[PDB]
Ligand SMILES: Nc1ncnc2c1ncn2[C@@H]1O[C@H](CO)[C@@H](O)[C@H]1O
Ligand SMILES: [Cl-]
């Protein structure tokens, strides 16, 4: 694989992990394994957890996690590229330097001060409260820059999470149109149930440019519900997404993979009339769907773009998620300790 073969664009966020008290979940009305965008009623959570001791700071972002692990798996330096918007703060410096350590080529945009780098309150006891911050300032102007668009041009594989719809939809759309036009591999993730509910137009449009669509059970149920797929919603959703017309009208295979936690994941394509089950490895009160979901995408892509068949890539996907599960959160340790 050549340098900058894989391109990613998303929201560069700093994960603030803290052992949360029981009242925290009731106080801010947080559910299990869920992600919510920080509203006004949530804003006090960031000062509240900052008083806590033993705070752990990890470079996050759905797309960034996937891309940097793909880079980590392939081992060859500078194969992956990433674009996002951080703030002019120490948090942005932490994220930037964490990418350079992994030999990840980046072209970060710096938001206008005092807009700080986005952050995610990770309350473990595991719920997430997300303040996008500077990640919102990601603009088409920064992307259309010569030294930035060069990374898009040189890439043959793209990964963009659905989260980027809230921040820079116009940017991800332009990259998607580029990918389909040049017959490249565009990989898309449903990311969160609320995206299919409140941004249905954006999701379906992105699907029309996607060669591979990632998602989980809850995202599929929300997507199928908003599309009127009532009976056998999950199975109907995978079929619906797989069979949607591509935006250029050309006939090609779109792959759809739906994770279902500890239960068998589903996969199918446009030319496949059957929806296949895939048995997944069991763990100790943990699952493939979640942090691990981003790793699942990374593990699948890292092998699939290197010629590995569907089944083999799925095992590589489970392997990648199992690695993140075995560790505390999304942190990439020694490469030789990955087998
Ligand atoms: N709105 C969001 N946009 C992009 N990434 C997010 C968002 N919310 C949570 N994440 C990231 O998702 C990961 C967990 O799957 C964490 O690294 C976290 O930073
Ligand atoms: Cl993202």
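Of note, residue 10 satisfies the criterion of being touching a strand residue (DSSP E or B) at 6+ places or on another chain (Cβ under 6 Å) and surrounded by 19 or more Cβ atoms within 10 Å (Cβ to Cβ). Is there a residue being away from ligand 1 (no atom under 16 Å from the Cβ), in contact with a helix residue (DSSP H, G or I) (Cβ under 6 Å, 6 or more places away or on another chain) and under 16 Å from residue 186 (Cα atoms) anywhere in the stretch 272-286? No, the conditions are met nowhere in the stretch 272-286.
Within the stretch 79-88, restricting attention to residues that are within 16 Å of ligand 1 (Cβ to nearest atom) and more than 16 Å from the chain's Cα centre (by Cα), which residue is nearest to residue 292 (Cα to Cα)? Taking the candidates together, the pick is 86.
Has the stretch 19-33 got at least one residue that is under 19 Å from the mean Cα position of the chain (by Cα), within 16 Å of ligand 2 (Cβ to nearest atom) and within 25 Å of residue 217 (Cα to Cα)? Within the stretch 19-33, none of the residues are under 19 Å from the mean Cα position of the chain (by Cα), within 16 Å of ligand 2 (Cβ to nearest atom) and within 25 Å of residue 217 (Cα to Cα).
Look through the stretch 146-166, keep the residues that are in contact with a strand residue (DSSP E or B) (Cβ under 9 Å, 6 or more places away or on another chain) and either more than 21 Å from residue 70 (Cβ to Cβ) or not in a helix (DSSP H, G or I) (or both), and return whichever of them is farthest from ligand 2 (Cβ to nearest atom). Among those that are in contact with a strand residue (DSSP E or B) (Cβ under 9 Å, 6 or more places away or on another chain) and either more than 21 Å from residue 70 (Cβ to Cβ) or not in a helix (DSSP H, G or I) (or both), it is 156.
Residue-by-condition table, conditions (1) more than 16 Å from ligand 1 (Cβ to nearest atom); (2) in contact with a strand residue (DSSP E or B) (Cβ under 7 Å, 6 or more places away or on another chain); (3) not assigned by CATH to the domain that holds residue 142:
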{"position": "31", "(1), (2), (3)": "no, yes, yes"}
{"position": "36", "(1), (2), (3)": "no, yes, yes"}
{"position": "42", "(1), (2), (3)": "no, yes, yes"}
{"position": "45", "(1), (2), (3)": "no, yes, yes"}
{"position": "48", "(1), (2), (3)": "yes, no, yes"}
{"position": "69", "(1), (2), (3)": "no, no, no"}
{"position": "77", "(1), (2), (3)": "yes, no, no"}
{"position": "93", "(1), (2), (3)": "yes, no, no"}
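For the stretch 115-138, the set of residues classified as in a loop (DSSP other than H, G, I, E, B), surrounded by 15 or more Cβ atoms within 10 Å (Cβ to Cβ) and over 19 Å from the mean Cα position of the chain (by Cα) consists of 115, 116, listed by residue number. Would the stretch 260-283 turn up any residue that is touching a strand residue (DSSP E or B) at 6+ places or on another chain (Cβ under 9 Å), within 25 Å of residue 80 (Cα to Cα) and in the same structural domain as residue 8 (by CATH)? Within the stretch 260-283, none of the residues are touching a strand residue (DSSP E or B) at 6+ places or on another chain (Cβ under 9 Å), within 25 Å of residue 80 (Cα to Cα) and in the same structural domain as residue 8 (by CATH). Screening 186, 214 for residues that are within 16 Å of ligand 2 (Cβ to nearest atom), over 26 Å from residue 119 (Cβ atoms), surrounded by 21 or more Cβ atoms within 10 Å (Cβ to Cβ) and within 16 Å of the chain's Cα centre (by Cα) leaves exactly one candidate, 186. Look at the stretch 97-132 and say how many of its residues are within 16 Å of ligand 2 (Cβ to nearest atom), touching a helix residue (DSSP H, G or I) at 6+ places or on another chain (Cβ under 6 Å) and over 20 Å from residue 163 (Cα atoms). Number satisfying all stated conditions: 1.
What is reported rests on the model, the rules as stated and the sources as named; no laboratory instrument gave them. Backbone-built Cβ (ideal geometry, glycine too); neighbour counts: all protein chains shown.
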